[PDB]
Undergrad: 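The structure follows.
Below, read A as the first sequence line, B as the second, and so on, with proteins coming before strands; counting in each chain starts at 1. Values below: all heavy atoms of this structure, side chains included; hydrogens, waters and symmetry mates excluded.
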Number of protein chains: 2
Amino acid sequence: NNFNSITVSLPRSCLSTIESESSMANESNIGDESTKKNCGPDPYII
Amino acid sequence: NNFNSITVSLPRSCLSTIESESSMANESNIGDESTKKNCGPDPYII
DNA sequence: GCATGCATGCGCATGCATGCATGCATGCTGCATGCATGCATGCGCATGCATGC
DNA sequence: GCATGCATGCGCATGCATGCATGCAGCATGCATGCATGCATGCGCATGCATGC
């Protein structure tokens, strides 16, 4: 609601990790032997 | 052929870019409007 | 029947596989700079035509 | 016939959309330490039994 600047941008990291919301979600975030889920440098599609 | 150390490791970046081998391969490496193909931090599966 | 030594559980102390956050440094990468290049533009000058006389 | 003025093409500088590499920095990820925790070790000590005399 602020279009006067000429700014919002797309998030740089996946928000699933910082919103540890569900009890099974933080469990789906793990696995693949021993490592941490890494989505990538900028993974958001419109 | 050297197993005495206790070392080879998996490549950290995709080798498709440094081996600009085919004439259509360097063309498949582009697109998606304006950006550079980014495979990720470590993308090799055995 | 009395004396004896063994095997059975208590009652200490120590080490050890799991597991997770923090500060420092690594390693990449997106950004700002400089530049080559070739197409278009905005321009003044020389020629050939149309309109008088 | 002759003198004149306008449209058309030639010649000359300039700007500007594309495009790509390099030095520097900003930026997030992986690593080293440091510790908390609960389990298992193994180790002397007390009790109840089986054997000898």
Side-chain angles (χ1 to χ4, degrees):
Chain A
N1 301 326
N2 185 355
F3 317 95
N4 63 6
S5 66
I6 193 66
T7 51
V8 170
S9 189
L10 292 175
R12 294 178 65 88
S13 307
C14 200
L15 304 197
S16 57
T17 45
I18 71 190
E19 298 174 8
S20 163
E21 183 65 26
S22 176
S23 49
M24 185 64 72
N26 62 6
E27 176 150 354
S28 308
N29 283 38
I30 55 159
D32 310 301
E33 195 168 296
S34 177
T35 187
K36 299 289 94 175
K37 185 166 76 173
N38 199 37
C39 284
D42 244 278
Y44 277 119
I45 64 171
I46 299 169
Chain B
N1 301 327
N2 185 355
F3 317 95
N4 63 6
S5 66
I6 193 66
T7 51
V8 170
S9 189
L10 292 175
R12 294 178 65 88
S13 307
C14 200
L15 304 197
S16 57
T17 45
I18 71 190
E19 298 174 9
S20 163
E21 183 65 26
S22 176
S23 49
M24 185 64 72
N26 62 6
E27 176 150 354
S28 308
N29 283 38
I30 55 159
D32 310 301
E33 195 168 296
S34 177
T35 187
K36 299 289 94 175
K37 185 166 76 173
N38 199 37
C39 284
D42 244 278
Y44 277 119
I45 64 171
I46 299 169

Undergrad: From CD1 of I30(A) over to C1' of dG19(C), roughly how many Å is that when rounded to an integer?
TA: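 Result: 12 Å.
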Undergrad: If we ignore hydrogens and angles and just use 3.5 Å, is the side chain of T17(B) paired with the main-chain N or O of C14(B) as donor and acceptor?
TA: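 Yes; judged by distance alone, with no hydrogens or angles, the pair exists.
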Undergrad: Would you please confirm or rule out a distance under 4.0 Å between OP1 or OP2 of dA28(D) and any side-chain N or O of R12(A)?
TA: yes
Undergrad: Among the candidates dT29(C), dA28(D), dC28(C), find the nucleotide nearest to the side-chain atoms of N38(B).
TA: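 For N38(B), the side-chain atoms sit closest to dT29(C).
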Undergrad: Taking only the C1' atom of each, what is the distance from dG38(D) to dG15(C) in whole angstrom?
TA: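 Result for the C1' pair: 12 Å, nearest Å.
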Undergrad: Find the distance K36(A):NZ to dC20(C):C1' and express it as a whole number of Å.
TA: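 My rounded result for the distance is 9 Å.
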Undergrad: Taking atom P of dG30(D) as reference, at what distance in whole Å does atom CG of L10(B) sit?
TA: 15 Å
Undergrad: Do any side-chain atoms of residues 28-46 of chain A form donor-acceptor pairs under 3.5 angstrom with protein atoms, and if so which ones, sequence neighbours left out?
TA:
from	atom 1	to	atom 2	distance (Å)
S28(A)	OG	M24(A)	O	2.9
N29(A)	OD1	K37(A)	NZ	3.0
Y44(A)	OH	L15(A)	N	3.1

Undergrad: Extract the stems that DNA chain C is part of, considering only consecutive pairing runs of at least three Watson-Crick or G-U wobble pairs, both distances under 3.5 Å.
TA: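 Consecutive-pair runs (3 or more) involving DNA chain C: C:1-5 with D:49-53, C:38-40 with D:14-16, C:49-53 with D:1-5.
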